[PDB]
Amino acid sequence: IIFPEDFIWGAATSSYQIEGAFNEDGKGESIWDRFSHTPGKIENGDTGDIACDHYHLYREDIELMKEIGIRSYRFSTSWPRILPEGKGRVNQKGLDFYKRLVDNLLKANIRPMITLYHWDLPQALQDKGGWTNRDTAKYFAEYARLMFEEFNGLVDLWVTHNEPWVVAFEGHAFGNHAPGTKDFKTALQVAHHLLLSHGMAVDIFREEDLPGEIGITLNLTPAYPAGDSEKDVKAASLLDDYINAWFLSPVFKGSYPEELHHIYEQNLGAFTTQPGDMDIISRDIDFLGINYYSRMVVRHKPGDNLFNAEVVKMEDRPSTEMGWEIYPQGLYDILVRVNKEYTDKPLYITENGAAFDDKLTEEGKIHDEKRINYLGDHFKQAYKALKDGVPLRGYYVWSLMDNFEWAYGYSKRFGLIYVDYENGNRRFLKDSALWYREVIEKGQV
């Protein structure tokens, strides 16, 4: 098992999950500032106020990146740190932080990949309806243009959006994520505008003529029938469209999946679109980012919901601390399917990783063998996909460091690096980081 010597091994983070400095240097409020400061939304009342304090500690963090030897670092930029009101006047100190960060990465021979939207919408824009207001799509594109202009010739890997399914449905249907709305109709309208805003930024990227590549990042969860039933097969197919095709088809085919679109429209009524929207959404892009963690096993169940389907708990299979099934085969299956059905463009795994109950020992080590076994098994499936002709160019581990795991707060640790929050926010390389270091040196698992 040996990867190409130029294969792009990396690690990933996001702004709200690591930066801290939540109201420092003119930064505006985000929907995740607001949400986490709302009682009962986050486990243990955790907030991202300080988190890993990467905003002040980023130089030390880049030293640790160099120790592991990652070739690329995927991070997101905070829209409200740069444009506090979401539009209007740039906050120069906020922008200067990312200019310093990128200069330091380039000096370290670490190739940056910027995610423009990793969920921290300006609260100023949420007060005008957030993603149900089509203007939010326009202002996102304007923010994209600013960033393209400022990092022309410095950043050549760009992702518009991280996981629009999650933003739409966890954020607005089930209310587990900011802004915390619980209305499925709103979630559909949101999804459309996220997709729209993506295409709008792609158009601007081409016009600005920067050197480099632009794409989008989707969480993809492959679905499997619980049984041989032709009804279990249709059920899994529908849930596969719910999560995956709902965003894959618009981006690569210029249409929503037909049956599911019908089902939604019949029960909820139509969400608002303008003519030509599917043309914008489906602009040609340069790569697809895939975030993969697990699968879903699905059985038919007429009653409970709109898809007449429920997900089966695989209780006799190993799982992570999140309760997610460990299922490395799913990473191969989804890479192969995307390449077969949707696109021949380069693919990146922009996230894969796992939470386990990490214990810091009585001097500074973390023996997270479960994480080593998890990543190893998934690296092997990526290799198999490669060998079978999938144009996989890179693999980013989630995460470079322990961080704020959204509604779970700091209770869930995904890092290669342990963050000892209470003790000066000090960092410790886990065994999995030492392991990943060996993999990258050799290009061999």
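Sequential numbering from 1, following the sequence displayed.
- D316 is a gap in at least a third of the other entries compared, counting only those with both neighbours built.
- Remark: stretch with higher mean C-alpha B factor among 125-133 and 356-364 is 356-364.
- When the C-alpha B-factors of 341-349 and 294-302 are averaged, 294-302 comes out higher.
- Residue set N373, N219, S229, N91: peak C-alpha B-factor at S229 (per PDB entry).
- Going by the entry's values, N44 shows the largest Cα B-factor out of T47, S30, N44, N403.
- In this PDB entry, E19 carries a Cα temperature factor that places it within the lowest third of its chain's modelled residues.
- In this PDB entry, the Cα temperature factor of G394 sits in the bottom third of its chain's modelled residues, the lowest group.
- In the deposited entry, the Cα temperature factor of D25 places it in the lowest third of its chain's modelled residues.
- Among the modelled residues of its chain, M200 has a C-alpha B-factor that falls in the highest third according to the deposited record.
- In the PDB entry, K99 places in the middle third of its chain by CA B-factor.
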